[PDB]
Number of protein chains: 2
Amino acid sequence: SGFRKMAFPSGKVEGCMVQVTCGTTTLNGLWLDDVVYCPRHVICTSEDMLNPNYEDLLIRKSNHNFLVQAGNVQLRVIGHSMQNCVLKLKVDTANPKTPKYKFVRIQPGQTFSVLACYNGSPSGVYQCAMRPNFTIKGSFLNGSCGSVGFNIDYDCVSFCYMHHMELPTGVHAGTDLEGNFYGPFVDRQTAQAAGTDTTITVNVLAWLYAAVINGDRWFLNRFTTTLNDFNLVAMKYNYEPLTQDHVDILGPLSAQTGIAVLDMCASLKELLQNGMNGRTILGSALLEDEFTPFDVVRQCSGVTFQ
Amino acid sequence: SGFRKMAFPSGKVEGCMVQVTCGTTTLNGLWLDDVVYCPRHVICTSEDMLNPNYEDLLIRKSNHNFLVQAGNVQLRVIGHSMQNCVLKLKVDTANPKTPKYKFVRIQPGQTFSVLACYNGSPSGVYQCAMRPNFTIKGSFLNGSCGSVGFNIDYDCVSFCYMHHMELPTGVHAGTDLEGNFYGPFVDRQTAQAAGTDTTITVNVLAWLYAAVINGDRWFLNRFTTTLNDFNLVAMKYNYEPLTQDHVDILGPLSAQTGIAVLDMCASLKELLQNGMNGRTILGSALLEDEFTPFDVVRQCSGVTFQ
Ligand SMILES: *[C@H](O)[C@H](C[C@@H]1CCNC1=O)NC(=O)[C@@H]1CC2(CCC2)CN1C(=O)OCc1ccccc1
Ligand SMILES: *[C@H](O)[C@H](C[C@@H]1CCNC1=O)NC(=O)[C@@H]1CC2(CCC2)CN1C(=O)OCc1ccccc1
């Protein structure tokens, strides 16, 4: 029993982290086979960053301008190229610690683990969700760019995020590992802003099931609601619509607890209209929306990874 | 910016996790040099566990009764012994992945990372605090015993916890790596209960400083209080006393924010007496007490580990 915000074990990713230095800029790179991936704004300097032309900037660079450190071992860069907002540095050594991996792009509402890194050295690991507005509520300081987000499926690491920047509200934006940003953000200095967010309804329901599985039942009731009537309430409280596919995804958790999905919707409705009355759910006084149904099943059942 | 419950990168510990099977019981072991450490209740069976005599049970065992799996490689047990509530299985192979390590015992109020494991395979990593009542609010299922808790200091892993059991309120108890329980718990079936807990005051103050550093200031005020007058309020709300040493430990965070410790105590006082009025701090609607001052400085400043 118990329910924690849980990340994947980070060892497979730690072995891929390197330090990339170009000019005055040092950030992190991801070393897989004989390529190091990193944010392309590494080729920028403090007056380049206002409105740079990266193609112009890159043709001016040399392989030897890129300093790559794998711990205390220097990797010779033998080629470079740009792919969207990432740089691909070809090195003369394949990473002997390369795990089985995939480059995947995730959906808003899905979760992943972040290995925060500085100077190519892992600092910490934590769990994030991709918000509906394509930002993530991370924890990142100067020098964290190139840190990556990932999921692990048995022995395969699915990389889904590389960190690029902080927005003015303190949330974070970045790209998939093909260099394509999540959301309408650019790797430049403009007045970029997040844009309105919503609460991930299916995740809140999954967490309520996590609570029931763990013995928190005070919010349960005998009432039910229809999907349409629930979604009218969701609209009003800035929750995203619940679809029939969400209902279907919640089926297993429904069956394990014996609480019909629409019955849990009725409970959520009352929580939204009444609040919590000084009470808590799984140690929170807010409705938590950064656990997916998968996250709940994995934790409340015990899936491992080799 | 941002503030997350952050664990240490788990790779150094993943390389030490093995599977230990004796009879019908399978749990996790920690493999360091040529010793595998695991909970001694592995030698128990489903009628042994009511009130066992472990010395009697252990002299009845043979080296070959202990099945140790390091991934898909079997480790030959060449000796065994009991140390308090842990078993030490000597194996004929030293773990080539042994990190630099220490066995440390932590204080209530301190934090650590947990690498939850099943069948010798890491499942997830999360951050825990040792509660004032010596329990931890973990996330553990059947088969998780022998999972360990740890901190990392540059390149050295300080192991501080091995998981042994779940208490009836769903919280968890275990031992240090010398096999000595945290708190008044035993590895038997009795009617053990946690016992009353309190809130870790110095940690709540550290988190309030984390909030200020991150731009949450609505709870700040022009009032101050004395240490004695604050502690009268702490008493009433089941918070542990704040000492002068706590004040001193908060000095750096005080200096970075320009908010005197006793001024932040005055803010905490009003939060305790008034509540939060529908407002949040660092994404929480409760006063959070599982971040130490060290945790705050590490995250809001960017310390790494090699
Ligand atoms: C990469 O290490 C850094 C990560 C940031 C720093 C603070 N917290 C983070 O997550 N990225 C970074 O600084 C990027 C790089 C660019 C340069 C071209 C794009 C700028 N930038 C950024 O985050 O912009 C924030 C900003 C807004 C307004 C003025 C100055 C900076
Ligand atoms: C180890 O895998 C397991 C971890 C528990 C299981 C559920 N969540 C956890 O953290 N430990 C475990 O089962 C220990 C082992 C003993 C056997 C002698 C000590 C029993 N035990 C335990 O947790 O007791 C809980 C319990 C209380 C009342 C009746 C039955 C079990």
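Bear in mind these aren't lab numbers, they're just calculated from the coordinates by the rules spelled out. With ideal geometry, Cβ positions are generated from the backbone for all residues, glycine too; neighbour counts draw on all protein chains shown.
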### Task
Choose one of A:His80, A:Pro39, A:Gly15: the residue whose Cα lies farthest towards the positive end of the charge dipole of the stretch A:1-114 (beta-carbon charges +1 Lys, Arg; -1 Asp, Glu; about the Cα centre).
A:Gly15
### Task
Would you mind computing the Rg to Rh ratio of the stretch A:15-99 from its alpha-carbon coordinates, Kirkwood style for Rh?
0.96
#### Entry: Karplus-derived 3J(HN,Hα), 6.51/-1.76/1.60, for each residue of the stretch B:82-99, Hz, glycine and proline x
10, 10, 6, 9, 10, 9, 10, 9, 7, 10, 8, 10, 7, 5, x, 9, 5, x
### Query
Based on the mean of other beta carbon atoms within 10 Å per residue, what is the order of A:219-227, A:1-9, most packed first?
A:1-9, A:219-227
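Could you work out how much longer the chain between B:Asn277 and B:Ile59 gets when fully extended? Use 0.36 nm per residue separation minus the Cα distance between them, nm to one decimal. Could the numbers behind the result be given before it?
Working: separation 218, 0.36 × 218 = 78.48 nm, distance 6.17 nm.
Computed gain between B:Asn277 and B:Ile59 is 72.3 nm.
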### Task
Within a 10 angstrom radius of each residue's Cβ in A:166-174, how many Cβ atoms of other chains show up on average? Whole number is fine.
2
### Message
Looking at chain B as a GNM with Cα springs under 10 Å, which of B:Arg217, B:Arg60, B:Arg40 has the largest mean-square fluctuation?
### Response
B:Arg60
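Provide the convex hull volume over Cα atoms per residue for the stretch A:163-245, in Å³.
Values: hull volume 14.1 nm³, N = 83.
Taking only Cα atoms, the stretch A:163-245 has a hull volume of 170 Å³ per residue.
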### Inter-site label distance for A:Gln74 and A:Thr224 at 7 Å from Cα along Cβ, in nm
7.1
### Message
Under 19 Å from a point placed 7 Å out from the Cα of A:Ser301 along the Cα-to-Cβ direction: which residues of the stretch A:189-207 have their backbone N that close?
### Response
A:202-207
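With r as the distance between the Cβ atoms of A:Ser81 and A:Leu286 and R0 = 41 Å, compute the FRET efficiency 1/(1 + (r/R0)^6) and round to 0.05.
Working: r = 45 Å, r/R0 = 1.10.
After rounding to 0.05, the efficiency reads 0.35.
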### Message
Considering just Cα atoms, how many Å³ per residue does the convex hull of chain B enclose?
### Response
135
### Message
Can you compute 3J(HN,Hα) from phi for each residue in the stretch A:60-65, using the Karplus curve 6.51 cos²θ - 1.76 cosθ + 1.60 with θ = phi - 60°, rounded to whole Hz and x for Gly and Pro?
### Response
7, 8, 10, 3, 6, 6
### Task
Specify the residue with the greatest mean-square fluctuation among A:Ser62, A:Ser158, A:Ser284, computed from a Gaussian network of chain A linking alpha-carbon atoms under 10 Å apart.
A:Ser284
### Task
Considering Cα pairs under 8 angstrom that are at least six residues apart, work out the relative contact order of chain B and quote it in whole percent.
17
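From the cross-link list A:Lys88/B:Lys5; A:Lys100/B:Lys88; A:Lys102/A:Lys236; A:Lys102/B:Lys12, which pairs have alpha carbons spaced over 27 Å apart?
On the way: A:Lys88/B:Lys5 32 Å; A:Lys100/B:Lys88 34 Å; A:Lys102/A:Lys236 39 Å; A:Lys102/B:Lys12 23 Å.
The pairs that break the limit, which is 27 Å between Cα atoms, are A:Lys88/B:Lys5; A:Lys100/B:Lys88; A:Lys102/A:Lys236.
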#### Entry: Helix axis angle, A:201-213 relative to chain A longest principal axis, alpha carbon, degrees
60
### Message
Could you give me D for the stretch A:162-306, from Stokes-Einstein at 25 °C and 0.890 mPa s, where the hydrodynamic radius is the Kirkwood radius over C-alpha pairs? Units µm² s⁻¹, please.
### Response
144
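Can you pull the mean other chain C-beta count within 10 Å for peptide A:7-19? Working shown, then result.
On the way: counts 11, 5, 15, 9, 11, 2, 2, 6, 1, 0, 1, 0, 0.
Other-chain Cβ atoms within 10 Å of each residue's Cβ, averaged: 5.
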### Task
Please work out the Cα convex hull volume for the protein assembly as shown and give it in Å³ per residue.
161
### Query
Using 1/(1 + (r/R0)^6) with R0 = 60 angstrom and r between the beta carbons of B:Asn238 and A:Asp92, what's the FRET efficiency to the nearest 0.05?
0.45
### Charge dipole magnitude, Cβ of K and R +1, D and E -1 - chain B, Cα centre, debye nearest 20
400
## Note on the structure
The Cα extents of the stretch A:196-239 along the principal axes, largest first and rounded to whole Å, are 33, 24, 13
### Shielding by partners, peptide A:110-117 (average Cβ within 10 angstrom, other chains)
2
### Message
Taking the Cα centroid of the stretch B:58-98 and of the stretch B:144-184, what is the distance between the two, rounded to the nearest whole Å?
### Response
19
### Message
Could you tell me which residue out of B:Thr226, B:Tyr101, B:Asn274 lies farthest along the dipole of chain B toward its positive end? Charges go on the beta carbon: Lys and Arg +1, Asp and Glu -1, centred on the Cα centre.
### Response
B:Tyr101
